[PDB]
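Only one structure is covered here, and it is reproduced in the block below.
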Amino acid sequence: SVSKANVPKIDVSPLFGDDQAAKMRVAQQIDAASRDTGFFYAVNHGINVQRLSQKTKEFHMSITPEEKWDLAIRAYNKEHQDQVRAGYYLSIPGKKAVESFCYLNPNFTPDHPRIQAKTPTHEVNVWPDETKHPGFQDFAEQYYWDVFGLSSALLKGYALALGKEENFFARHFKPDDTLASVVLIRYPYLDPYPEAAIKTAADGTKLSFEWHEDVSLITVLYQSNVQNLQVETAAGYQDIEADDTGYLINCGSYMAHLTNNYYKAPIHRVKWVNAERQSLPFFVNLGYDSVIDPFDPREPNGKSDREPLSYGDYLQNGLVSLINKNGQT
Ligand SMILES: CC(C)[C@@H](OC(=O)[C@@H](NC(=O)CCC[C@H](N)C(=O)O)C(=O)S)C(=O)O
Ligand SMILES: [Fe+2]
């Protein structure tokens, strides 16, 4: 068998308040988890995840094939050349099992300055018809702001953990320009499950998605209570237990770059499981021009031999590279 990964449950409620000492004790826990397996569960986070799962299930089980083509990204529908990130990512029965819907900042409207300039990685969200999916757009936009609020609190914890002031990351994570995305992923139960939709790791483990590091500053994930994720540690790939009451948090490769690998972006993968389940990540991305000067918390002067990288440059290059490595989702 595979050993259980050490994934501590951290009560992050002090990060929403004004007790500075309490916030430092949470930051220490984040530091420990970031230096160990790289994963932790944020608990006492204040978000109604049962309602999120219910609203997402109502959407996934009622959307029709017609609506999926009408909302599809350009990888599936050549008529939609402006949709690279936002929209519907179709399944391919007999070949690709997963399907999903991605949306970006609700403030990316037609009049937004970055939308007017046609700056890469910024798009105006696409939504299904209101009469067919009553309340879905409003729920989904409010969810973006609820998880943005949790993510801002978590970024204060990471900043304190690295010896910085609490707004070190959060000052670059703003409602008017964040490149953060929500993905509503559906993994289906299929009988017979297409072998073409199952990948096989070098160690023989059946997978739905291969090893990778995330393209994010941090990733804030809600998933159904079905075990599936694995993390590579020095002692091999270990199973991350499921917890559908908490948010699973890990660092992405932008955090590894900024900290000179002090907080590594953990390598992880998704096991194949024949179960109807949900995976709802929020990728915490900064603004297009956000540049944080790289540093090293293990060195006395804190200097690093890494060059500054704008978040926009990092993101555009990273999303393409992940598709090339592990396939179009
Ligand atoms: C994190 C979860 C485990 C989940 O995995 C993902 O969402 C997969 N991310 C990407 O494809 C990047 C998607 C980027 C998105 N289109 C965007 O423009 O911002 C990762 O495995 S990370 C899953 O499969 O359960
Ligand atoms: Fe990931």
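Naming works like this for the structure tokens: A, B, ... for the chains as they're shown, residue 1 at the start of each chain, ligands 1 onward in shown order.
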
Filtered DSSP result for segment 192-267 of chain A, state strand (DSSP E or B), as number ranges by chain: A: 199-200, 206-212, 218-223, 229-233, 236-239, 247-251

I'd like the contact shell of residue 4 of chain A - 7 Å cut-off, only C-alpha atoms, skipping same-chain residues fewer than 4 positions apart - returned as number ranges by chain. A: 238-240

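Of the residues under consideration (A:227, A:219, A:245, A:233), A:219 shows the shortest atom-to-atom contact distance to ligand 1 when counting only C-alpha atoms and all ligand atoms.
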
Could you list, as a ChimeraX atom specification, all residues that come within 9 Å of ligand 1? Count only C-alpha atoms and all ligand atoms. /A:84-87,89,98,100-104,121,179-187,208-216,219-223,228-229,252,268-270,278-285,315,319,322-323,326-329

For residue 195 of chain A, work out the shell of residues within 12 Å, counting only C-alpha atoms and skipping chain neighbours fewer than 5 positions away, then give it as an NGL selection string. :A and (93-97 or 190 or 200 or 206-208 or 272 or 274)

For residue 20 of chain A, find every residue with an atom within 12 Å (counting only C-alpha atoms), except residues of its own chain fewer than 4 positions away, and show them as a CSV table (one decimal) with C-alpha atoms, in the first residue's frame.
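Dumped to selection_9.csv:
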```csv
chain,number,residue,atom,x,y,z
A,14,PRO,CA,-7.4,34.0,13.4
A,15,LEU,CA,-6.3,35.3,10.0
A,16,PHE,CA,-9.6,37.1,9.6
A,24,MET,CA,1.7,34.2,14.2
A,25,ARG,CA,0.8,30.8,15.7
A,26,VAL,CA,-1.3,30.1,12.5
A,27,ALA,CA,1.7,31.3,10.3
A,156,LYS,CA,-1.6,37.1,5.2
A,157,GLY,CA,-0.7,33.8,6.9
A,160,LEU,CA,3.8,36.2,8.2
A,165,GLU,CA,4.4,42.0,6.9
A,166,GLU,CA,1.0,40.5,6.5
```
